[PDB]
Every structure is written in structure tokens, then in C-alpha cells.
Amino acid sequence: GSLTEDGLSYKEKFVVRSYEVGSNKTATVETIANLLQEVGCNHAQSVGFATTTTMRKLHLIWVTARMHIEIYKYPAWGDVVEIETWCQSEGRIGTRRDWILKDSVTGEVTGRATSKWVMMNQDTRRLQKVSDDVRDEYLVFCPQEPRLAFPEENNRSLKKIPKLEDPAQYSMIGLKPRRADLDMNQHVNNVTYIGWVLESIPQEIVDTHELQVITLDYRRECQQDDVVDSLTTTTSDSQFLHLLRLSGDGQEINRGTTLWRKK
Amino acid sequence: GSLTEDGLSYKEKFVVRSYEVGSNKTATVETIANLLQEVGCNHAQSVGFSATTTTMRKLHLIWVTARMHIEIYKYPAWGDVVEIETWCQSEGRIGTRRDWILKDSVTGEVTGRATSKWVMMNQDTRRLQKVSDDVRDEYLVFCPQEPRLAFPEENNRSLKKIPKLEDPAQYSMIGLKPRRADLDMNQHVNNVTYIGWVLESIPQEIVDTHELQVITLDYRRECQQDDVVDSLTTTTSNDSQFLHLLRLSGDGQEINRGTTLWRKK
Ligand SMILES: Fc1ccc(NC2CCOCC2)nc1
Ligand SMILES: Fc1ccc(NC2CCOCC2)nc1
């Protein structure tokens with residue numbers, strides 16, 4: 001991979017692997033989500049980071065608040081997908097990371113994604129606004145004019161998500177992470193929550209539809225010793241409302257929505 | 001990736017990804033195992049098995065893993081390039097073998113090696129069977145004719161018999177179940193998931209203070225997408241050795257047995 005000519009964005013090419021595809025021989029949305037985090041990580045490394053010097057001094061880290069992905073075509077096993085990524089400040093609210101996915105052979109846009117990140121103290125887990133000190137440290141690596149993967153006014157990436165009401169239409173209970181679900185810092189990888197959300201969608205929907213859009217809000221982290229319940233209700237194309245909560249006390253960890261198109 | 005000059009083996013380079021590494025910032029043994037299956041798949045495709053032969057498709061036969069044996073000297077770090085070479089060899093009518101050698105791309109040093117035994121099985125009845133002369137002749141033209149072994153040694157750990165763990169187990173992880181990411185393109189549980197499940201019953205303190213050097217896993221029965229598994233481990237031993245057993249949560253039907261060898265960091 002490499003930074004682009006202006007040094008304000010980053011591109012990387014990936015060849016879709018045999019174990020990365022589902023039963024239609026195309027990349028799963030979890031493989032796509034892993035590729036998004038890998039290209040994001042390579043972008044941060046390329047510009048010297050993903051915490052700044054002031055963030056390290058104050059024990060602050062970036063945490064995902066929201067992930068939104070729209071796929072038009074899933075790349076097939078053996079296909080090359082090119083992913084471009086960039087960051088932008090959202091004032092003191094936090095930061096945003098966007099991605100564009102393209103078919104390497106045709107140059108056609110096959111997907112797009114956007115994510116909202118908030119600053120959090122590593123130890124107390126207290127959310128915070130971004131200080132002007134940290135904003136100045138990453139502004140030199142971001143486009144100055146707004147650049148959006150989802151520019152449209154009133155688009156799906158900014159819609160409020162309601163809380164699923166019991167009883168859920170579908171459920172998958174007792175989900176728990178194994179060591180492969182953890183990241184290098186021993187926290188549950190953000191992509192695992194995408195998998196857990198999808199576990200409560202009936203297999204018949206998966207067999208007859210393709211996932212077009214997924215919006216996921218992250219409220220609380222699942223610990224390596226926690227147990228999760230995945231809940232889904234049809235709200236409709238087929239649309240669903242999702243809720244992930246702790247198996248015991250019912251504490252919310254995520255809420256989301258999915259939109260599926262008939263094959 | 002590409003077939004080598006003689007067309008009897010295949011090589012491919014991989015850059016270790018951020019989500020592929022553990023707490024030491026080096027590739028997990030499950031990432032290594034996924035890379036082994038990917039290079040094996042690319043080798044089959046390169047020689048026209050886009051991995052069953054013509055006779056196998058006619059007779060509804062498939063290759064299934066009977067045993068996987070991996071030894072790692074150095075796990076590649078996040079961002080490192082690892083080169084993997086793979087080849088196949090017939091083992092008469094018993095089945096086939098696939099071997100791998102892992103190297104550090106920069107130094108050319110061997111950092112790991114693996115070997116696997118595969119048996120023929122009817123896709124529908126699940127009945128194991130011997131390799132016919134016709135099947136053997138269809139893949140012999142893609143294998144080295146002289147024996148080529150990743151574990152040539154006359155007393156290697158890749159061929160040792162594994163006993164069945166006796167209850168009570170010293171350690172256990174119960175109620176393990178696959179999610180959609182654990183399935184392969186044919187909706188079967190990926191062979192690498194069983195490696196993860198075996199490792200779930202090793203205490204975290206061993207993982208934090210030791211590095212996994214060797215893993216030998218026997219595959220007896222497959223876990224369905226709706227089955228539930230229990231992972232059992234007992235210490236048998238600076239080095240620490242363990243005996244492992246995976247069995248169905250309900251009736252206790254064995255799905256895998258294995259051994260691991262760990263060295264102190
Ligand atoms: F845009 C991103 C997305 C993820 C990331 N880093 C995490 C993903 C890999 O292991 C843990 C750290 N950085 C930037
Ligand atoms: F050498 C090998 C190893 C595994 C494999 N099987 C593949 C079946 C589809 O999912 C990816 C793995 N083929 C060849």
C-alpha cells in the first residue's frame with residue numbers, strides 16, 4: 001500500500017482469500033470489515049502514528065462509536081479489491097474515517113464505508129471531547145475541504161437507531177469470544193460484534209438475500225469473559241433492527257440496522 | 001504466488017496483517033494455519049484442480065483432513081513478509097500428504113514447517129476409503145517422484161500416536177459453537193476453527209509466559225454448524241506438554257484429539 005500523491009489519503013490492494021469467502025464464493029462483510037481496519041492501520045503507520053503524542057501523555061485512545069458500510073458488489077475469491085481511506089476531524093465531537101472500495105480491474109466503486117470515533121481515557125473508560133492540541137496534530141494529515149464517502153444530505157450513515165423491544169422475533173444466545181476474536185491489545189475486535197449481530201438473522205434470509213447496508217452503534221465493550229445475546233426483529237428489500245446485550249443482566253453493548261436485497 | 005521452476009511445488013508471500021497478530025504482535029498459530037490452507041488452495045488451482053480430480057468428481061469423493069502437524073520456530077511479526085512453499089505426495093492407497101515450509105522472506109531462514117495427512121471420503125455417505133489406481137495416476141504428475149519431507153527425521157513428532165484424554169480433565173472450556181465466520185465456502189466448519197477450540201482450554205497464564213512450539217491434531221468427526229463442543233486439556237509434562245480432547249457437549253462423541261508442546265519465553 002501507499003499514501004496518494006498529495007499525502008492526504010492511502011490506498012492498498014488485497015487479493016480475496018479462499019477462507020475469506022462465503023457460500024456464494026464472494027468476500028463476507030466481516031472479511032470486508034477486517035480489510036477496512038487493516039488499510040486504516042497501514043494509513044496511521046505511514047504518517048507516523050493510532051495515537052498522537054498528546055494522546056499518549058494523557059492516556060487517551062480512539063474508540064469506535066459507529067460503523068456504517070454499504071456494499072454494491074462483494075469481490076469474488078481471487079479478485080483484487082482496491083481500498084482508499086482518509087480521516088477528517090469532526091470538531092471536538094471526534095474523528096471520522098472513510099473508505100471507498102473499488103474493483104481493481106474495472107475501477108468501478110463496489111462499496112463505501114464511514115466510521116465515527118470518540119476519544120476515551122484508556123483506564124477510566126471516560127469519553128471526552130477532542131482538545132485543540134490533538135486536533136492540530138492530525139489536521140496536517142487530513143483533507144482541509146470536506147471529503148465524504150456518503151456526501152448525500154439525509155443519508156443512511158447519520159440516522160438514529162431505536163432500541164429493540166422485547167420480545168425479539170429472532171435470537172442467538174450465549175455467544176462468547178475465543179482468542180482469535182481478540183486484537184493485539186487483548187480487546188474484542190470491532191469486527192466480531194458485526195458477526196454476532198448477523199448470527200440472529202435466519203439462514204433463509206442469508207441464502208436468498210445479499211447484505212447491502214449495515215449500521216452499527218457501539219455503546220459498551222464485551223470483555224473476554226462476558227457472554228452475549230444477539231436479538232433481531234424484521235422492520236420491513238428486507239430491513240432488520242438489531243440489539244446485542246450481555247446474557248446476564250441485559251446491559252446493551254450494540255444496536256444496529258441491516259438492509260438486504262433479494263438475489 | 002507461483003509454481004516453482006520444476007512445477008512440482010508452489011510458493012507464495014504474505015504480509016502479516018494487524019488483526020492477524022496476538023499480544024506479542026506476532027502471527028497467531030490460527031493465522032499461520034489459514035495461510036497454509038490458502039497456499040494449498042492456490043497450488044491446487046495453479047495445476048487445474050479448480051481440490052478434486054476428474055474421477056473424484058464422478059465418484060462424489062472429496063479429500064478430508066485426518067491429521068495436521070505444525071512446528072513454529074519463530075512467529076512472523078505484524079508487517080513482516082513470510083514465504084510459504086508447499087507440495088503434495090501420494091502415500092499409496094492410504095491417502096495423500098501435503099507439506100509446507102515457512103521462511104522469513106528477508107533472511108531466507110526456515111521459521112516453521114507443517115505436514116498434513118488427507119483421506120478420501122464419499123461426500124454423501126461420509127465413508128472413508130482407499131485411493132484407487134486411477135486417482136493416484138491423476139495427481140502423480142503434479143508431485144515430486146522422489147520422497148520430499150518437511151519432517152524427514154526417523155523419530156519425528158508428526159507420526160506419534162495420540163492417546164484419549166481420561167476424565168476428569170485438568171482444564172476445560174465448555175459450550176463452544178461455530179458462528180458463520182467459522183464456516184468455509186462449502187458451509188462446513190473450517191479445519192482451523194478446531195485448532196482455536198483446542199487452544200481455548202489452555203490457561204491464559206501458559207499463553208502469557210510460553211510460546212506454542214508444536215501442535216499435532218487428529219480429526220475424527222466433523223462438527224456441524226448446529227453442534228456444541230467441549231474443549232478438554234490435561235498437562236502431561238522448561239517445556240510444557242498437554243493432551244487435548246474436543247468432544248460434543250451432549251453425548252460426548254469425540255471430534256478431535258491432539259497434543260501441544262510449549263516453550264518458556
Ligand atoms: F482505522 C483503523 C481501524 C483499526 C485500527 N486499529 C486496530 C485494528 C487492528 O488491531 C487493533 C488496532 N486503526 C485504525
Ligand atoms: F491444502 C489445502 C488446504 C485446505 C484446502 N481447503 C479449502 C476449502 C475451502 O476453504 C478454504 C480451504 N484446500 C487445500
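Residue numbers begin at 1 in each chain, while the letters A, B, ... track the order of the sequences. The figures here come from the full heavy-atom set of this structure, side chains too, leaving out hydrogens, waters and symmetry mates.
Here the closest heavy-atom approach between residue A:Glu30 and residue B:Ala181 is recorded as OE2-CB, 3.7 Å.
With respect to chain A, the highest number of heavy-atom pairs below 4.5 Å among B:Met173, B:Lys25, B:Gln204, B:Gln225 belongs to B:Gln204.
Other residues, nucleotides and ligands contribute over 12 non-hydrogen atoms within 6.0 Å of the CD1 atom of B:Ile174. Within a 6.0 Å sphere centred on CZ of A:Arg125, heavy atoms belonging to other residues, nucleotides or ligands number 12 at most. No more than 12 heavy-atom neighbours from other residues, nucleotides or ligands sit within 6.0 angstrom of NZ on B:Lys103. Open room surrounds NZ on A:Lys262; 12 or fewer heavy atoms of other groups in view lie less than 6.0 Å from it.
Distance check, rounded to the nearest 0.5 Å: OH of A:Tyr19 to CG of B:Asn191 gives 14.0 Å. Put simply, CG on B:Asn42 and OG on A:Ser18 are 7.0 Å apart, with the number rounded to the nearest 0.5 Å.
At a 4.5 Å heavy-atom cutoff, the contact between A:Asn189 and chain B is made by side-chain atoms alone. When heavy atoms are compared at a cutoff of 4.5 Å, B:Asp182 approaches chain A solely by way of its side chain, counted from C-beta outward. Proximity to chain B involves both the backbone and the side chain of A:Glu199, based on heavy atoms less than 4.5 angstrom apart. Proximity to chain A (any heavy atom under 4.5 Å) is shown, for B:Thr26, by neither the backbone nor the side chain. A:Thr31 does not touch chain B: none of its heavy atoms, backbone or side chain, sits under 4.5 Å away.
Taking the side chain as every heavy atom from C-beta outward, B:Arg179 and A:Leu198 never approach each other to under 4.5 Å.
Among the candidates A:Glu38, A:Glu20, A:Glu12, the single residue satisfying the salt bridge (charged side-chain N to carboxylate O under 4.0 Å, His left out) test with B:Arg17 is A:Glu20. Screening A:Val206, A:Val29, A:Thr28 for a side chain to side chain contact (heavy atoms under 4.5 Å, CB included) with B:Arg180, the sole residue that qualifies is A:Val206.
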